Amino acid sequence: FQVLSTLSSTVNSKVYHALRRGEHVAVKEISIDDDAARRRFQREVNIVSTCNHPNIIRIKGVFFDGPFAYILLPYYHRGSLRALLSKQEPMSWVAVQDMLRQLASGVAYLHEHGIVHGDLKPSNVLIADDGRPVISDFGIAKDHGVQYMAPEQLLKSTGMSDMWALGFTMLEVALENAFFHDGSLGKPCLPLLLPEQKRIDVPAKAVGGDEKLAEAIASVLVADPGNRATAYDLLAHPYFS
């Protein structure tokens, strides 16, 4: 493969933008000479390769050269949901519903396979060529793809804290799109949970008038994780069902 650029660099990790035979790919390079590193690599690859879902990032291949491992991942020219929001162009509310349902379906799949993502946000939701959302930035795909921290994390990561992050992802998409459709709503600010607050209030007016969308978001922005909707609960909500 032919390397175009370095998309990210840490210690003991690089991610490259490459052209492997006419096709664009992301390539993560790591050293696995050490047994501890090799076992960590196996766990992180298996977290991702466990998944077989259209809305979860897929590994294209892994190959070895001496002590180095190369993990081939898709390169998505359309970028992330963050990049889409930064364009500030109105999006169809029907397409938004379909995108958010697929995203919630991906999260449900992760949780059903015992995987906590830990860092769901617009930057980590990639947009495939056909427009579908693709969850990345977990397991070995870490580095391929704040109000977002669940209250209980301010005092580890669980399925519940994922649902809080998904709620704020949904909320940022909805607040921004509503503004893009109706500039008289004003530039939106993401709310913060104040001490001794039960839940984030989501007025239908702020998310474009869709009461079902507001209620779906509100069901996961509950301060008490035991009272928060699960991913399966959220998919059963009228907005999605």
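In this text, residue numbers run from 1 along the sequence as written.
task: Could you tell me how many residues of the deposited sequence sit unmodelled between residue 155 and residue 156 (none, 1 to 3, 4 to 9, 10 or more)?
output: Unresolved stretch here: 4 to 9 residues.
message: Unmodelled residues of the deposited sequence between residue 145 and residue 146: none, 1 to 3, 4 to 9, or 10 or more?
response: Per the record, 10 or more deposited residues are absent between residue 145 and residue 146.
field: Selected stretch [higher average CA B-factor]: 52-60 or 194-202
entry: The recorded data point to 194-202.
- prompt: Going by the B-factors listed in the PDB entry, is the mean over the C-alpha atoms higher for 22-30 or for 41-49?
  reply: Of 41-49 and 22-30, the stretch with the higher C-alpha B-factor average is 22-30.
message: Per the entry's Cα B factor values, which of 218, 11, 229, 15 stands out as the maximum?
response: The C-alpha B-factor peaks, among 218, 11, 229, 15, at 11.
message: Highest Cα temperature factor in the entry, among the options 90, 139, 167, 151: which one is it?
response: That would be 151, according to the entry.
query: Would the CA B-factor of residue 113 place it in the lowest, middle or highest third of its chain?
result: Its C-alpha B-factor belongs to the middle third of this chain's values.
- request: Sort the modelled residues of this chain by their C-alpha B factor and say whether residue 172 lands in the lowest, middle or highest third.
  value: Within its chain, residue 172 is a lowest-third residue by C-alpha B-factor, going by the deposited values.
B-factor third for the C-alpha atom of residue 69 within its chain: It falls in the bottom third of the chain.
- request: Rank-wise, by C-alpha B-factor, drop residue 98 into the lowest, middle or highest third of its chain.
  value: Within its chain, residue 98 is a lowest-third residue by C-alpha B-factor, going by the deposited values.
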